[PDB]
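Visitor: generate coordinates for the sequence data below:
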Amino acid sequence: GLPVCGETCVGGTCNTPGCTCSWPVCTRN
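Guide: Residues are numbered from 1 along each chain as shown. Have a look at this structure:
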């Protein structure tokens, strides 16, 4: 499955609201 989110949560942050941080990458469950 193609991940909706893909922002690096290296700095403990996510751009897309709704995406959970899964260091070092944000992803939505």
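
Visitor: CA only for contacts and neighbour counts going forward, please
Guide: Fine.

Visitor: for the residue most central in space within the chain, which three-state class applies?
Guide: Note on the chain: the residue nearest the mean C-alpha position is residue 26, at 1.2 Å, using CA atoms, centre = their mean. At residue 26 the chain is in strand, as set by DSSP: H, G, I helix; E, B strand; the rest coil.

Visitor: same check, this time on residue 13
Guide: What three-state DSSP gives for residue 13 is coil.

Visitor: check contacts around the closest residue to residue 14 other than its chain neighbours.
Guide: Using CA to CA, 6 or more residues apart in numbering and skipping residues adjacent in sequence, the residue nearest residue 14 is residue 26, 5.9 Å away. By CA atoms under 8 Å, 6 or more residues apart in numbering, the residues touching residue 26 are 5-9, 13-14, 19-20.

Visitor: beta partners for residue 26?
Guide: Beta-bridge pairing for residue 26 (DSSP bridges): residue 21.

Visitor: how about the contacts made by residue 8?
Guide: Contact analysis of residue 8 by CA under 8 Å, 6+ apart lists 14, 23-26.

Visitor: contacting residues for the residue lying closest to it once chain neighbours are set aside?
Guide: Leaving aside its chain neighbours, residue 8 sits nearest to residue 25 (4.2 Å; criterion: CA to CA, 6+ apart). Contacts for residue 25 (CA under 8 Å, 6+ apart) come out as 6-10.

Visitor: try it again at 10 Å.
Guide: Taking CA atoms under 10 Å, 6 or more residues apart in numbering, we find residue 25 in contact with 5-14, 19.

Visitor: next, give me the two most distant ones among the residues you listed.
Guide: In the contacts of residue 25, the most distant members under the criterion CA to CA are 5 and 11, with 15.5 Å between them.

Visitor: these two - which one has more neighbours?
Guide: Of the pair residue 5 and residue 11, residue 5 is the one with more neighbours under other CA atoms under 10 Å, namely 19 against 10.

Visitor: name the nearest residue to that one, ignoring sequence neighbours.
Guide: According to CA to CA, 6+ apart, the nearest residue to residue 5 is residue 27 (4.9 Å).

Visitor: so that neighbour makes contact with residue 13?
Guide: No - Residue 27 is not in contact with residue 13 according to CA atoms under 10 Å; the separation is 11.2 Å.
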